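Single chain ahead, written as structure tokens, the form deposited in one PDB entry.
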């Protein structure tokens, strides 16, 4: 008789798979911010971490494990071998190079496409029925790449896209109006990057159109220069990188927001990277952000946002830029 069997009588001898497992690939600052945010939101019964830097991977895993008393995720594992990711409902990809001070996310394409050619087939091997949530940059291009490599249906390949750009826009609109961002509504669509599109025509508080109240909203003639709010959204990651070297907390919270809608099947609307072929006359297989209904099958529906002619032209410009990159990739 050991202490454990003196103390505990066992009824059930058998291993069951987890019901709500999430994997995070990449344990850099973005991956770990996604991991802690998901842990504190009680979204998973198992969290797996994967990376190729084996000591940092084990250290991050242990540091999370040591906080288990304070969490409700009873199993946290890690390994360089993708077998640790088996049976995941949601696999969040954050691995890859990140942009340095002043560098475009679009400058990361060659490196991160090559990294994805290794990661995605291994994720798909061990969790053939997962949803993929791509966070690595440039996220629109890499969501297309993950879709092409995985062979998944496009509903199950979701880019974090402009969920964060829209959150930043709502934060800045809240600061100008003195209203919590939850009650400030406004969308930034298109590329998660320099060509994103602020949809002035949809901005509102309590269903009151700000453009109807202020017809010059967003234009160069605007005495209040609201276009500067979108400029600040575009420049946000650059400013934060210049100041602290990288960004992590806001994208971790944005990714956890997306994970909550997926894992809890909420059917909330988020601007995420998806194929927009068939909207706005676009015929190319281009991925960028539009508002999507998110739940347990990933993206089940696209919202058809009415755009002004100027907003639509900007969105088509974003799509042209991204498709010019995406069309040249070779698999």
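Each form is matched to the other, and the largest set of C-alpha atoms that superpose within 1.5 Å is called the rigid core. Positions refer to the first chain, counted from 1.
Below: the form solved in complex with a small molecule, not depicted.
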Give me the residue from 217, 234, 253, 86 that has a heavy atom within 4.5 Å of the small molecule in the deposited bound form. 234
Check residue 157 for me: does it contact the small molecule in the deposited bound form (non-hydrogen atoms, 4.5 angstroms)? no
Contact label in the deposited bound form: residue 261 to the small molecule, heavy atom within 4.5 Å: no
Flag residue 146 as yes or no: does it have a non-hydrogen atom within 4.5 angstroms of any non-hydrogen atom of the small molecule in the deposited bound form? no
Residue 222 versus the small molecule, in the deposited bound form: is there a non-hydrogen atom within 4.5 Å? no
Of 71, 97, 250, 205, the one whose Cα moves 2 Å or more between this form and the one not shown after core superposition: 97
